[PDB]
Structures are given as C-alpha cells and as structure tokens.
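# What the coordinates show
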Amino acid sequence: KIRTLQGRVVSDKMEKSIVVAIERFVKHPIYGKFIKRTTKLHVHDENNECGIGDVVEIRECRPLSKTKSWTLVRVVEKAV
Amino acid sequence: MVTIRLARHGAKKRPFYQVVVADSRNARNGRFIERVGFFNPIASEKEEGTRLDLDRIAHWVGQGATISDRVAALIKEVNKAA
Amino acid sequence: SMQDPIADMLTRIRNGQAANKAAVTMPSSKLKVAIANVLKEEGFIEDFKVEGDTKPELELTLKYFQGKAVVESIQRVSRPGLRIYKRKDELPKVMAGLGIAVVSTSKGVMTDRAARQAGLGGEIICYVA
Amino acid sequence: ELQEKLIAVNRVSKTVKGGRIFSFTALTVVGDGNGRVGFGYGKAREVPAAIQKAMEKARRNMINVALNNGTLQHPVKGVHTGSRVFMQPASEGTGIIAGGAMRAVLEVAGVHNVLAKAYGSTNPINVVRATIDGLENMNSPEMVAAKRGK
Amino acid sequence: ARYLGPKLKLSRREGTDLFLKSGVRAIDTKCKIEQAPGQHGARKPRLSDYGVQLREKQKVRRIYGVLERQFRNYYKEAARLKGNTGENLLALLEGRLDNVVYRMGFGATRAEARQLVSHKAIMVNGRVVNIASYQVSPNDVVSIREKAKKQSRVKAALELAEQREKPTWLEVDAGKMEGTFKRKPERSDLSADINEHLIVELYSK
Amino acid sequence: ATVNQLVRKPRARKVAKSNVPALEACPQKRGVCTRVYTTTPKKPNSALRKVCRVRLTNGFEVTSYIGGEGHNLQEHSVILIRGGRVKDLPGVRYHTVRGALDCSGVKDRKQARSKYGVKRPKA
RNA sequence: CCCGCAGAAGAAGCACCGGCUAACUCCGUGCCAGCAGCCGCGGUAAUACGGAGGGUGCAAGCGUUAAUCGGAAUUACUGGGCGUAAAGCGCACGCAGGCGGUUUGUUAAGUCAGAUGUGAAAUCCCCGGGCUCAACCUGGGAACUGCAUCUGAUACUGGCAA
RNA sequence: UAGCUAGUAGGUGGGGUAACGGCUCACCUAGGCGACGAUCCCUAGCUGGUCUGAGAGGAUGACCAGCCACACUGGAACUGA
Ligand SMILES: [Mg+2]
Ligand SMILES: [Mg+2]
Ligand SMILES: [Mg+2]
Ligand SMILES: [Mg+2]
Ligand SMILES: [Mg+2]
Ligand SMILES: [Mg+2]
Ligand SMILES: [Mg+2]
Ligand SMILES: [Mg+2]
Ligand SMILES: [Mg+2]
Ligand SMILES: [Mg+2]
Ligand SMILES: [Mg+2]
Ligand SMILES: [Mg+2]
Ligand SMILES: [Mg+2]
Ligand SMILES: [Mg+2]
Ligand SMILES: [Mg+2]
Ligand SMILES: [Mg+2]
Ligand SMILES: [Mg+2]
Ligand SMILES: [Mg+2]
Ligand SMILES: [Mg+2]
C-alpha cells in the first residue's frame, strides 16, 4: 500500500458516514511529557459494517464527500 | 517558456551575475529553478570568472528551455570542451 | 502510590548508603535486576542477590571505599510523570565521563559508555556517580 | 608563588550607649597556584588590621583540590547559604571568565580556563566559600577508579 | 580619526614611555613623565580593578594610535580567529602596515611612519597602499617609493631604528629601503610590559 | 510545579507597562502648554520647580518638567517633550526639550550645553 | 586609477569627572537657584547646583529620548518556590484527566536503529578568491538540530491476553 | 465566551466544473463539530529569516527572496491559456 492508519471507530451510526479515532503520543514541545493527541477522520465504508468500537485499517483517497478523503481497507476485532 | 538568463547579484559598479534557469516571466533576480553557473564580468585576467555547468544547461535547452543573447555568448566563448 | 519502583531503588540505596548501611532489600523485578547488574558490573556495589520465588526480593551489597560511600549520587532521570528518551548522538555523559548513566535500549539495560558503543539510544533511566 | 588577593572589604556597626562603634571586615583568598586554596575572613576596628588579620586566617584554613592540568575535570556545583555557584571545565580558549569574587579563588587556585556564574545572592562571604566547597567536593579524575575499578 | 593632541601627556598618564616622540632623545625626562599628568597628577590613584583593566587597553591603544571603534573590532576579530584571543589581538595589531612601516624604521614615530603611508610613499608587494590599517602578512614586502626616497625624515628614521632592539620577524634593507615581513610576530616577541588578558577581561563582560 | 500543571497552564511572562505613555514608543511628542506652573517637591527636598501641563499632539494631557535655569514658557507655547521622570515631583514623568519649537535654551550655559538647548557661544 | 601643481595650507566637536563609573580643584550660590539612570546632592569651606582651570571618555560624531533582548535563576523546560518573607483550597467524597505493584506471551503506536527523499536561494559559520584596506562583492563546504516513506530492532512506555 | 450546526453531516440520482467534491439540486438517512477548547470575542498577513541570549529561550517579520492577499469602498461578471 501507500501508507495506512488504524484507530477505533467511535461512530458507525450514519449511512457510510463512519468516523474513526486515531490516538497518538507526542513529546510536548516545551515540557517533555508525552501526551495524547487524538485525530478524528471521516472515512468511507460501503455496505456499512465497521461497528462502534471496532479497530479498523484506513487509507487516504480522493475527495468522496466534503469531509471524506479516506476509505477503509480492512477490519480488526469487534464486540469490543 | 523557461529560460537561462543572468540574474544580477553584483554590487554598485561591480556587477557579478548568477546565471540561472527559471520561469521567464519572473523577476530578474527572483524565483528560479536552479543555478547553472556564474559570470564575473570583472573577473579579470587572474583566474576564475565564468564557471558554467554545461551539462545541466544543454539538458534544459533540450528539455525545452531557451537562452539569453548574453548567455549563449558566454558559451561560444567558453568554447565548450577546451 | 508505589508508582515508581526504580526511584525507590535509587533511594533505598541513596539512603541506606548515607546511613553507612551494609545491606539493603526490596521487592524485585526483571527491571530492578538488569540495573543491579549495571551497578555491580560498573562497580558501584559489591554484588546483588534475589532470594524468593512467590514474592522475589532484591538484595544489594553496598560498597564503601574510604570513610565515604562509593555512590556519591544516585538520581532518577526519567519517570512516570515525565519520561526521557535521548537518541544515540544525544545520550548524556555524567561527570564528564567519570560515573555513568543507566539507559534502557532495545538491546537491554546498559550504560552510556555501552549504548554509545552499541551505537543506539534508549530511555535514560538514571544517573550514578 | 605566594599569590593572594582580598575580595571584599566592608564596614559594620555595633551600637552602644555612647552611639555607633564601627569596624571593618576583609575577606581574602590565598592559593599556591597548583591546587591548595583557602579563604580567611577576620574583622577589626580598623581596615589594615582586618585585611591582614584575614590573610592569615586563609593561610591556615586551606583546602586542596584535584585539578586536571589547567582546568577542572568535570563540571561542579557549589552551594553555601544563599549562594548557588556553578562552574565548568571549558576546553580553554582563554577561559578564567567568572564572577570576579570567584575569579579570585579560581586563579590563585590555579584553574586557568573555566567559565562560572553565581546564582542566588552574590554575597561574597558565601560565594567564595560555596565555590571552595565546590572545588573541594570535586573528585579524582582517576581515583573514581579507587572507588570502583574494584 | 587620529588622536592629534599632545603626545607625551599620554605616556605620563599611562605611566610608561609610549614612543610618541619616539625621535631623538631617550628615557624621557625632557618632558616630566609620571608625577603630574594634570593639576592633581601627583596624587596616587588607589584605583579599582576596572581602573587598571581600563588603562592597560588604553595604553595599548595610545601606543598604536588607534581609536575605540577600530580597536573594539580588532578584539572582535582576535576572538573569532582560532587560538587565544589576547594574543591574536596583538598579532592583528602588529600586522598593521603603518606599524610595520615604523617597525622597519622608515619612520621615527609610529605616527610619522603612518603619515608616510597616508602620503602614498610606501608600497606593499609593488603597488602603493596609502591606508594605515592595511594588514601586512607573511612574505609581504614594503618599500619606500623612489619618489621621495632617502629624504630627510626617513634617513634619521632608518638610523635610530638600529638604536632600537631591532625586530626579528622582518628584514630591513636601508639601501633599497625595502623590508620583508618574514613571519607573524610570535607572542614572545615584543611586549612584556603589556598585559593582554586584562584588555581581554575588559571587552569580555 | 508539575509538568501536567505547566502543560495545562504554561508559564506566562509578565508584560511591561511603560513609564512614559508618550504614546506608541515615540522619541518625543509635541504639545501645547495648558498651564505653566511651579509646584514644590517631596519630603527631603524643598524648592520651586518649574513645570507645565501639556496637551499632546496625541490627546494625552500631561505635566512635564522644564529643565534649566529660567525659561520664557507660557500658556499656548508649542513645546516638545521626552521621557524622563523627576523623583521629587511625584507624577511628573516627562521633560521639556529646551531649545525646541518655542522652548528657549538656558541662557549663558557653557557646560553641558547640548542638554539645555544652547548653541556654541562664539569663541 | 595614474601624473603634475600650490601651501599645514580648507577641515574638532560632544558627554562626563560624589558612589555604582574611568576623571578634582577653586570661586559663585546657600533647602535658594538648581541637579538627579539608582542611591541621593543644595541651610557658609558643595569634587553632586552654576561658572572656571584642570582631568577622564568618545571622536565626525557626542549626548538625550524612544525601543527589543541581555544581565533577570525576576514565569525557574533547561533553571525556582509555598511553616514564620508572596504562596496549601476550612474540610471531605469523587467524574474527567494524570500516574499506577508483579509474571509470561503477543502487539510495535510511543521509544530506538538504518536507508532514502526532502528540508529553495540568500543569510549565519568554516577555508578560500575580488575591490589600495575595510565595509562590500564572491567560489566551495559546513549547517539547515525538521519533516516524511520503507526496513528493521522490543529493554522501557502504550495496546491486547491470561 | 460552553456549547455550536438545515446544505448543517452523510447516502442515493440529475446537474454542474478543467477536475474530486453539499459545488448545486431533489429526495432519504439524523447526522456533524466540541473541554486535545468548538462556538463567540479580541488581535494578526505567514515564511526563509532578523535582533538578542552560552544555550534553552525571548522579541521580531523594514530593507533581500518565497508564498498569500488587496488595487478608492461594496458587488459582478466579460474577454481570455
Ligand atoms: Mg569562622
Ligand atoms: Mg569612523
Ligand atoms: Mg573613580
Ligand atoms: Mg550633570
Ligand atoms: Mg564654596
Ligand atoms: Mg529568563
Ligand atoms: Mg523565588
Ligand atoms: Mg504568609
Ligand atoms: Mg489546610
Ligand atoms: Mg512497571
Ligand atoms: Mg539554504
Ligand atoms: Mg583582500
Ligand atoms: Mg508491555
Ligand atoms: Mg452526484
Ligand atoms: Mg491587519
Ligand atoms: Mg543567560
Ligand atoms: Mg522596495
Ligand atoms: Mg472588486
Ligand atoms: Mg472563459
């Protein structure tokens, strides 16, 4: 592939309007402590299947909707 | 059309040109793509004064680019090989 | 509340030392051990010992040179609140070279003298001179 | 190679039935030029008496510090009362740059090329003192091996 | 630019001879050096560390006839140039043409030797250099221009030039009135009575 | 203290009020003399200090000191003023540039003439 | 840029000198006039006011004002504090958040390694070269301590499992 | 300033653009954003860099170069690569 992320779902409840979280860890550029900088992404999944709390793999595509430039590639786990 | 020309980074009454490839419509001493030589018109008999990366130049020229009256002149003066 | 064991080591030492105390004990752990090693190997203590199976138990023998203790200063450097990670070119060298810095790399818990040689970096656990 | 120099001379007041009775205080530092340095204080109703009464105190009261040629081996911190001092090896170019008053002890001491700064109060009597104990605590660029090796 | 005032007044305050009347006589007197740079000149200045630090550099400055601006820059340079700031200072200070002119004995005083430069009557490796601070360097060769060669001043000049210690890093002639800067003067040449690390300290805080 | 703490609320650098609202950092400003006073100074001192209130080109109305010995300065005089308090006259935070606009230079000054705007007397 | 010509001829001023801070005397004045960055000078011997002579510092600039950083470890990440000096919420419970004993497996996000691309030129710096020097101009390096992809390493942290 | 949001968030089809696209429309879903700071208020061109500082930092964005934006103020398109 050309790059790809994962992250838990967080919201399935909309006609392919799936949203995915992506927690990271980063050095605070001033006080060293590592802290959690989350990223939410509006990703397309056809035939709605990824479920709230599913981990999922994601790739970056052309603009689907205003807001959507990512599609899913796979799934990973369920029933959290 | 992209062109090779003399950008002039001299100094009042002591000019010293940076010869350069660029978008012909850009300012003389402005946005360029790469430097491909220099031409010191004071240079003097001493030594250096017209270093010129012929390899890239005539690759841009083939690539499509074109050349100043005063640049091509430095080339049929630099001779080319010896 | 016992949220940083390594500090408790560094300090059970530091204290027990300043209390010219020969021995010292504490609950153990792979991580404690790997350090006790470097402390022995680099020779800031005589030798360690873990006595038990259910509830393991590090035991450290403190060195004393002249009247003084051998460990002039043992200080945490990374910690839960604020963690540290230097690369290789940026690893610290304590007392200009004298004494040393414990550092955990992907290839085990070594000194800065070591990691520098190993050519890699890690989390600088603590300083000791 | 006697080498000595006073750092700060000051006046003080005692106050009695009859008024204020003043006096002076010198603070001095003597060093041999190859380690070995001490400071002396000493106070007296008049200045020359006190600056001299001081010089002596220093001749006794004299520590010695493990140099490393012209410089310190590693960096060191010193801290007496309100003064927190810090000085550093410095692969000499010139060096000897420091807070005149701890430049005093540093040159007689024989260090030839260090950088220092004094934090907290620059109260002379406590810097020249914080630095001494500083150099003092410093240790054997070799006989850490003494400690270890073993 | 150039100081321009009474010359001895300086030597008196700086406490030492600065060779500003460099000419004929020696070991002053015929002046009054020391005990009165002014109306209270006698009085002893129990002076501070800042005082002494100030006067040393001031001394070195009154010596080569240089003003604060240039001098401050000389320091700035020395500091940059590798190896001991205080020395390079002196090096730079000596590489001065006007100085290398006087040193080779073409001029009684450093001043005279300088006026010489200013008056296009001097020539590094051939061509005329009429600016005092021209940096002279190894192998360079300075020579009085034929035009005004063996003229009043420069005779006497090259004369009592041998009365002086006579340098080392250079090689006079006196016939062809030319001289060759063999090497950048070592620390050990010159000085003793000048204490760099003071004028270093001065410009160091 | 804590790294969390500092992370949540970073350290902030005390920003510095001026001591001389000669508005926007200005080397000096022009103004017109509202009053030409002379009040007396504070505690230790005792005198009759010459001052003036000036409406400034920029709206501010402020009292400024008139340096020197003596001055023809009156209501409607057009003056220039620079930073410089006068600790003695509390609430006086500016000085009047003697020798500017309509402000005379001190008469007969020989020393320090550039302050107290006086021209080199004919040698 | 070069040559001749005349005559030293056309070319020195500004701040300061009580302490911090290099530089001291007299006279005038007398809590007045006035000085003053901070401390503080002025009521009869004022090195602090004003003039003078002297001196110190700069010098075609010199001082004053304004302005940023510095020293200020005086917002302390590097690098600080809270009993009596500024500072522990009157007390407790507790959501979020932060942190979390110990063992094995797995994960490889943090973390570490390497490779590659990228990080415009100028600037800064190092060695040079060109203008009488210098400023200035300029060849070439170095540096851009960053970012991204891939591949690795798994001690430590995070996830997962028991 | 603690809630903000109806083309709003998404889907389906037509239209549309040099092009992907709520870009537009019609219908369907009831979504979307937010205490890791939305919304609202205030200030502001950004950068290379500049000055300072041992550094870390602090301050700054003239002159040179790069990007953006504006051309009396608000609005609109036409021509044309
Ligand atoms: Mg005692
Ligand atoms: Mg000049
Ligand atoms: Mg003095
Ligand atoms: Mg005055
Ligand atoms: Mg009197
Ligand atoms: Mg600071
Ligand atoms: Mg404090
Ligand atoms: Mg209190
Ligand atoms: Mg309480
Ligand atoms: Mg643990
Ligand atoms: Mg660059
Ligand atoms: Mg040159
Ligand atoms: Mg784990
Ligand atoms: Mg459609
Ligand atoms: Mg604006
Ligand atoms: Mg600092
Ligand atoms: Mg312009
Ligand atoms: Mg319009
Ligand atoms: Mg069209």
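Rules behind the numbers
- The residue numbers shown here are sequential, starting from 1 for each chain in the order of its written sequence. They can differ from the numbering used in the entry, and residues that have no coordinates are not displayed.
- As they are written, the chains are lettered A onward and the ligands numbered 1 onward, keeping that order.
- Values throughout refer to the chains shown here, themselves only part of a larger assembly.
- Calculated side-chain values reflect all of the structure's heavy atoms, with hydrogen atoms and water omitted.
- UniProt positions are given in the numbering used here, feature names are shortened, and annotations may be inferred rather than shown by experiment.
- Helix and strand definitions follow DSSP, with helices as H or I runs of at least four residues and strands as E runs of at least two, each counted in order from the N terminus.
- Classification of residues uses two cut-offs on accessible area relative to the type maximum, computed with a 1.4 Å probe and protein chains only: under 20% is buried, over 50% is exposed, and between them is partly exposed.
- Contact definition: two residues touch when any of their heavy atoms are within 4.5 Å.
- Whether a residue is near a molecule or strand depends on its heavy atoms: if one lies within 4 Å, it is near.
- Counting of polar contacts relies on pairs of N or O atoms within 3.5 Å, with two restrictions inside protein: one atom must be capable of donating a hydrogen and the other of accepting it, and residues adjacent in sequence are counted only when both atoms are side-chain atoms.
- Put simply, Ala, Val, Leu, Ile, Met, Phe, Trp, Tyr, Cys and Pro go in the nonpolar bin, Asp, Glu, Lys and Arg in the charged bin, and everything else, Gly too, in the polar bin.
- We define a salt bridge as a side-chain nitrogen of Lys or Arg found within 4 Å of a carboxyl oxygen belonging to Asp or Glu.
- When two parts are put together, the accessible area they lose, computed with a 1.4 Å probe and summed over both, is reported as buried area.
- Should DSSP find at least two bridges between two strands, the strands are taken to pair.
- Pairing of aromatic side chains here covers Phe, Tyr and the six-membered ring of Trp, requires ring centres within 6.5 Å, and sorts the geometry by plane angle: under 30 degrees stacked, over 60 edge-to-face, intermediate tilted.
- Structural elements are reduced to axes, namely lines fitted to C-alpha atoms, with helices fitted over the stretch in contact, and the angle between N-to-C directions of any two is expressed from 0 to 180 degrees.
- Working rule for helices: expected span equals 1.5 Å times residues minus one.

- As named in the PDB entry, chain C is 30S ribosomal protein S8, taken from Escherichia coli.
- For this structure, the PDB entry title reads "Crystal structure of the E. coli ribosome bound to dalfopristin and quinupristin".
- UniProt lists a comment for chain C under the heading Sequence similarities, and it reads "Belongs to the universal ribosomal protein uS8 family."

- By the naming in the PDB entry, chain B goes by 30S ribosomal protein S16 and is assigned to Escherichia coli.
- Of chain B, the UniProt comment under Subunit (literature references left out) reads exactly: "Part of the 30S ribosomal subunit."
- A UniProt comment under Sequence similarities is attached to chain B, and it reads "Belongs to the bacterial ribosomal protein bS16 family."

### Observations regarding the environment of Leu58(C)
Residues and elements named next belong to chain C.
- With respect to the helices and strands, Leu-58 occurs in strand 3 (residues 57-62).
- According to the relative accessible area criterion, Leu-58 is buried, its value standing at 0%.
- Counting along the chain gives 49 residues from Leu-58 to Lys-107, while the straight-line C-alpha distance between them is 23 Å.
- In contact with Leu-58, other than residues within four places in its own chain, are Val-24, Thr-25, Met-26, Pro-27, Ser-28, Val-33, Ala-36, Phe-48, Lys-49 and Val-50.

### Notes on the protein's contact with RNA strand H
All names here are of chain A.
- Taken together, 22 residues surround RNA strand H, and among them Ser-11, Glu-15, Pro-63, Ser-65 and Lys-66 come closest.
- When the atoms of RNA strand H within 4 Å of the protein are grouped by moiety, sugar and phosphate amount to 90% of the total.
- A distance of 2.5 Å separates a phosphate oxygen of RNA strand H from a polar atom in the side chain of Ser-11.
- Here a phosphate oxygen of RNA strand H sits 3.0 Å away from a polar atom, N or O, in the side chain of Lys-40.
- For the surface near RNA strand H, the residue count by class is four nonpolar, eight polar and ten charged.

### Here's the deal with the protein's contact with RNA strand G
- Around RNA strand G sit 112 residues in total, of which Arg51(B), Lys30(C), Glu123(C), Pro27(F) and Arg109(F) are the nearest.
- A breakdown of the atoms of RNA strand G within 4 Å of the protein gives sugar and phosphate a share of 79%.
- Here a sugar or linking oxygen of RNA strand G sits 3.1 Å away from a polar atom, N or O, in the side chain of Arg14(B).
- Contacts to RNA strand G include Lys107(C), whose side-chain N or O atom sits 2.7 Å from a sugar or linking oxygen.
- At seven residues, the largest contribution of residues to the surface near RNA strand G is made by helix 2 (residues 49-64) of chain E.

### Quick look at the pattern of salt bridges
- Applying the stated rule across the entire model yields 33 salt bridges over all chains.
- When the shortest N-O distance is used, the salt bridge between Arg83(C) and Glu123(C) registers 3.5 Å. In this pair, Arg83(C) is assigned in the loop between strand 4 (74-76) and strand 5 (100-105) and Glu123(C) in strand 7 (residues 122-128), connecting sequence segments 40 residues apart.
- According to the relative accessible area criterion, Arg83(C) is partly exposed, its value standing at 34%.
- The partner of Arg59(D) in a salt bridge is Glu4(D), with the nearest N and O atoms 3.5 Å apart. Remark: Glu4(D) occurs in strand 1 (residues 4-13) and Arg59(D) occurs in helix 1 (residues 47-59); sequence separation between them is 55 residues.
- With a relative accessible area of 55%, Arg59(D) lands in the exposed category.
- Among the charged side chains, a network of salt bridges with common partners joins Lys57(E), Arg61(E) and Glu68(E).

### Side note on the interface of chain D and chain C
- Taken together, the twelve residues of chain D in the interface contact 14 residues of chain C.
- Carbon and sulfur atoms supply 56% of the area buried between chain D and chain C, which totals about 1,000 Å² over both sides.
- Three residues stand out in chain D for area buried against chain C, namely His74(D), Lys147(D) and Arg148(D), and they jointly supply 61% of the buried area on that side.
- Counting the contacts that link chain D with chain C gives two salt bridges.
- One salt bridge in this structure joins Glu42(C) and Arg148(D), with 2.8 Å as the shortest N-O distance.
- At the surface where chain D touches chain C, the tally comes to four residue pairs in polar contact.
- When residues in the side of chain D that touches chain C are grouped by element, the largest group, three residues, is from helix 4 (residues 144-147) of chain D.
- Of the residues assigned to the side of chain D that touches chain C, the class counts are four nonpolar, five polar and three charged.

### A closer look at the pairing of strand 2 (residues 51-56) of chain F
Residue and element names in this part refer to chain F.
- Where strand 1 (residues 29-35) meets strand 2, four bridges bridge the pair, whose relative direction is antiparallel. Its bridge partner being in strand 2, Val-32 is matched across the sheet by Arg-55.
- Judged from the five bridges that link them, strand 2 and strand 3 (residues 61-65) form a sheet pairing that is antiparallel. Paired with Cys-52 across the strands is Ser-64, a residue of strand 3.
- Between strand 2 and strand 3, which pair antiparallel one after the other, the connecting turn spans four residues, and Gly-59 there sits at a positive phi close to 100 degrees.

### Comments concerning the packing of aromatic side chains
- Evaluated as defined, the whole model comprises five aromatic pairs over all chains.
- A ring pair is formed by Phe34(A) and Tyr85(C), whose centres lie 5.3 Å apart and whose planes are at 80 degrees; its orientation type is edge-to-face. Remark: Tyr85(C) occurs in the loop between strand 4 and strand 5 and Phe34(A) occurs in strand 4 (residues 34-35); the pair is interchain, linking two chains.
- Classification of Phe34(A) as partly exposed rests on a relative accessible area of 28%.
- What makes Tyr85(C) partly exposed here is its relative accessible area of 45%.
- Taking 5.4 Å as the distance between ring centres and 75 degrees as the angle between the ring planes, the aromatic pair formed by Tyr75(E) and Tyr203(E) counts as edge-to-face. Here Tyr75(E) is found in helix 3 (residues 68-80), whereas its partner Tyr203(E) is found in the segment after helix 8 (196-202), with 128 residues between them in sequence.
- Classification of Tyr75(E) by relative accessible area gives buried; the value is 11%.

### Things to note about the pairing of strand 6 (residues 83-88) of chain D
Residue and element names in this part refer to chain D.
- Here strand 6 shows one buried face, formed by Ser-83, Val-85 and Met-87, and one open face, formed by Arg-84, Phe-86 and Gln-88.
- Sheet analysis places strand 5 (residues 76-80) next to strand 6, joined by five bridges and oriented antiparallel. For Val-76, the partnering residue across the bridge sits in strand 6 and is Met-87.
- Following strand 5, the chain reverses through two residues before pairing antiparallel with strand 6; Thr-81 in that reversal takes a positive phi of roughly 50 degrees.
- Here six bridges tie strand 6 to strand 7 (residues 115-120), and the two strands are oriented antiparallel to one another.

### Brief notes about the sheet that holds strand 6 (residues 108-111) of chain C
Residues and elements named next belong to chain C.
- A sheet is described by the order of its strands in space; here four strands give the open sequence 4-7-5-6, paired in antiparallel fashion. Strands at the two margins of the open sheet, each flanked by one partner only, are strand 4 and strand 6. For this sheet, the mean inter-axis angle between neighbouring strands, taken without regard to orientation, is 25 degrees.
- Two elements, strand 5 and strand 7, share five bridges in a ladder whose sense is antiparallel. Within strand 7, the residue paired with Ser-104 across the bridge is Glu-123.

### Some words on helix 2 of chain E
Residue and element names in this part refer to chain E.
- Helix length check: helix 2, at 16 residues, gives a terminal C-alpha distance of 24 Å against a target of 22 Å (1.5 Å per residue), a fit within 8%.
- Turning to helix 2, its buried residues number three or more, namely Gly-51, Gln-53, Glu-56, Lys-57, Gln-58, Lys-59, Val-60, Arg-61, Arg-62, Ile-63 and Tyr-64.
- Buried residues in helix 2 make contact with helix 1 (8-14), helix 3, helix 4 (85-94), helix 5 (97-103), helix 6 (110-118) and helix 8.
- Backbone geometry just after helix 2 places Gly-65 at a positive phi near 60 degrees.

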